[PDB]
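Colleague: Here you go, one structure.
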Amino acid sequence: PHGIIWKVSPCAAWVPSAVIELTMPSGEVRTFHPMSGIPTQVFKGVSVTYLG
Amino acid sequence: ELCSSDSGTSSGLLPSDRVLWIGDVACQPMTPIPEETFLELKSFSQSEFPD
């Protein structure tokens, strides 16, 4: 009747991560969240990843 | 290469099987984009195919 909605995401890794505010030399400025070894949705060539 | 004569085309009514569309392509309404994005996409495309 109420409609309570929950969102569960199981995980058992707990790898370190960080945020990256990248600015392209052309002028485009965006942000993305890289993971420890996982690609971060490469934005036109740049595939900077984070290591732990 | 050339258009040779055909007796079947004299009636003036040709069936639909005589029309061929090279490749499967569909169109849709588009939205104008700035020149910077198109230039970056062209650069990435020409970098994806160095051969």
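Chains: A, B, ... in order of the structure tokens. Residues: from 1 per chain. Ligands: from 1, in order shown.
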Which residues are near residue 41 of chain B? Cut-off 10 Å, only C-alpha atoms, ignore same chain within fewer than 6 positions. Put them as a VMD selection string.
Modeller: (chain A and resid 44) or (chain B and resid 35 47)
Colleague: Using only C-alpha atoms, find the residues of chain A whose closest atom to chain B is at most 12 Å away, then write them as number ranges by chain.
Modeller: A: 24-28, 42-46
Colleague: Could you save the residues just selected, with C-alpha atoms, as a compact mmCIF listing (two decimals), in the first residue's frame?
Modeller:
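Result file selection_22.txt:
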```txt
# COMPACT_ATOMS: atom_id res chain seq x y z
CA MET A 24 40.85 19.31 -21.34
CA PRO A 25 43.24 21.73 -23.08
CA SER A 26 40.45 22.63 -25.51
CA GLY A 27 38.24 23.99 -22.73
CA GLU A 28 35.92 21.16 -21.74
CA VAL A 42 37.36 7.00 -20.94
CA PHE A 43 36.48 10.47 -22.26
CA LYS A 44 38.04 10.82 -25.73
CA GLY A 45 41.30 8.97 -25.20
CA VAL A 46 42.12 9.82 -21.59
```
Colleague: Any idea what the distance is between atom CA of residue 18 of chain B and atom CA of residue 1 of chain B?
Modeller: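 Here the two named atoms are 16.4 Å from each other.
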Colleague: Give me the residues within 12 Å of residue 14 of chain A as a list in words, counting only C-alpha atoms and dropping any in the same chain fewer than 2 places off.
Modeller: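 The contact residues come out as residues 10, 11, 12, 16, 17, 35, 36 and 52 of chain A.
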Colleague: Selection from above, C-alpha atoms, as a CSV table (one decimal), in the first residue's frame, can you write it?
Modeller:
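Ended up saving to result01.csv:
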```
chain,number,residue,atom,x,y,z
A,10,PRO,CA,26.2,-6.3,-2.6
A,11,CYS,CA,29.9,-5.9,-2.6
A,12,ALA,CA,32.9,-7.6,-0.9
A,16,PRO,CA,40.2,2.6,-2.5
A,17,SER,CA,38.8,5.3,-4.9
A,35,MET,CA,38.1,3.0,-9.4
A,36,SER,CA,41.1,0.9,-8.3
A,52,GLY,CA,46.1,1.6,-4.4
```
Colleague: I'd like the contact shell of residue 39 of chain A - 10 Å cut-off, only C-alpha atoms, skipping same-chain residues fewer than 4 positions apart - returned as an mmCIF file with C-alpha atoms, in the first residue's frame.
Modeller:
```cif
data_model
loop_
_atom_site.group_PDB
_atom_site.id
_atom_site.type_symbol
_atom_site.label_atom_id
_atom_site.label_comp_id
_atom_site.auth_asym_id
_atom_site.auth_seq_id
_atom_site.Cartn_x
_atom_site.Cartn_y
_atom_site.Cartn_z
ATOM 1 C CA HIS A 33 35.039 8.805 -10.338
ATOM 2 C CA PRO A 34 37.832 6.317 -11.135
ATOM 3 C CA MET A 35 38.128 2.978 -9.358
ATOM 4 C CA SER A 47 42.005 6.627 -19.521
ATOM 5 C CA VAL A 48 43.574 7.749 -16.239
ATOM 6 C CA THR A 49 43.017 5.152 -13.512
ATOM 7 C CA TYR A 50 43.693 5.058 -9.775
#
```
Colleague: Go ahead and compute the interatomic distance for atom CA of residue 7 of chain A and atom CA of residue 41 of chain A, in Å to one decimal.
Modeller: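 Separation of atom CA of residue 7 of chain A and atom CA of residue 41 of chain A: 23.3 Å.
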Colleague: Counting only C-alpha atoms, which residue out of A:18, A:5, A:51, A:13 sits closest to residue 31 of chain A?
Modeller: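 Checking each candidate against residue 31 of chain A, we get A:18 as the closest.
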Colleague: As a PyMOL selection string, please: every residue in chain A that a backbone DSSP assignment puts in strand (DSSP E or B).
Modeller: chain A and resi 20-23+29-32+36+43+46+50
Colleague: With N, CA and C atoms kept, could you save the residues just selected as a PDB file, in the first residue's frame?
Modeller:
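Full text of part_16.pdb as output:
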```pdb
ATOM      1  N   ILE A  20      38.128  12.791  -9.627  1.00  0.00           N
ATOM      2  CA  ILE A  20      39.024  13.453 -10.570  1.00  0.00           C
ATOM      3  C   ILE A  20      38.233  14.517 -11.317  1.00  0.00           C
ATOM      4  N   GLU A  21      38.687  15.766 -11.237  1.00  0.00           N
ATOM      5  CA  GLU A  21      38.108  16.880 -11.983  1.00  0.00           C
ATOM      6  C   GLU A  21      39.070  17.209 -13.124  1.00  0.00           C
ATOM      7  N   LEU A  22      38.868  16.556 -14.262  1.00  0.00           N
ATOM      8  CA  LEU A  22      39.747  16.710 -15.411  1.00  0.00           C
ATOM      9  C   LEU A  22      39.313  17.901 -16.256  1.00  0.00           C
ATOM     10  N   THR A  23      40.296  18.632 -16.777  1.00  0.00           N
ATOM     11  CA  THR A  23      40.056  19.769 -17.656  1.00  0.00           C
ATOM     12  C   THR A  23      40.868  19.581 -18.927  1.00  0.00           C
ATOM     13  N   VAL A  29      35.529  20.884 -19.358  1.00  0.00           N
ATOM     14  CA  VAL A  29      35.828  20.515 -17.979  1.00  0.00           C
ATOM     15  C   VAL A  29      34.712  19.610 -17.479  1.00  0.00           C
ATOM     16  N   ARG A  30      35.062  18.375 -17.122  1.00  0.00           N
ATOM     17  CA  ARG A  30      34.106  17.414 -16.592  1.00  0.00           C
ATOM     18  C   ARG A  30      34.736  16.691 -15.409  1.00  0.00           C
ATOM     19  N   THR A  31      33.926  15.876 -14.739  1.00  0.00           N
ATOM     20  CA  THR A  31      34.369  15.118 -13.579  1.00  0.00           C
ATOM     21  C   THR A  31      33.938  13.665 -13.716  1.00  0.00           C
ATOM     22  N   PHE A  32      34.692  12.780 -13.068  1.00  0.00           N
ATOM     23  CA  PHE A  32      34.393  11.355 -13.078  1.00  0.00           C
ATOM     24  C   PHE A  32      35.055  10.709 -11.871  1.00  0.00           C
ATOM     25  N   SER A  36      39.812   1.513  -8.410  1.00  0.00           N
ATOM     26  CA  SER A  36      41.134   0.906  -8.257  1.00  0.00           C
ATOM     27  C   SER A  36      41.285  -0.215  -9.283  1.00  0.00           C
ATOM     28  N   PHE A  43      37.082   9.317 -21.593  1.00  0.00           N
ATOM     29  CA  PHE A  43      36.481  10.468 -22.261  1.00  0.00           C
ATOM     30  C   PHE A  43      37.451  10.947 -23.341  1.00  0.00           C
ATOM     31  N   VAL A  46      41.533   9.777 -22.920  1.00  0.00           N
ATOM     32  CA  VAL A  46      42.123   9.822 -21.587  1.00  0.00           C
ATOM     33  C   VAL A  46      41.550   8.684 -20.751  1.00  0.00           C
ATOM     34  N   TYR A  50      43.153   4.898 -11.116  1.00  0.00           N
ATOM     35  CA  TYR A  50      43.693   5.058  -9.775  1.00  0.00           C
ATOM     36  C   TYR A  50      44.247   3.731  -9.274  1.00  0.00           C
TER      37      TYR A  50
END
```
Colleague: Between atom CA of residue 19 of chain A and atom CA of residue 38 of chain A, measure the distance and give it in Å to one decimal.
Modeller: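 It comes out at 13.5 Å.
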Colleague: DSSP says helix (DSSP H, G or I) for which residues of chain B? Put them as a list in words?
Modeller: residues 7, 8, 9, 16, 17, 18, 35, 36, 37, 38, 39, 40, 41, 42, 43, 44, 45, 46, 47 and 48 of chain B
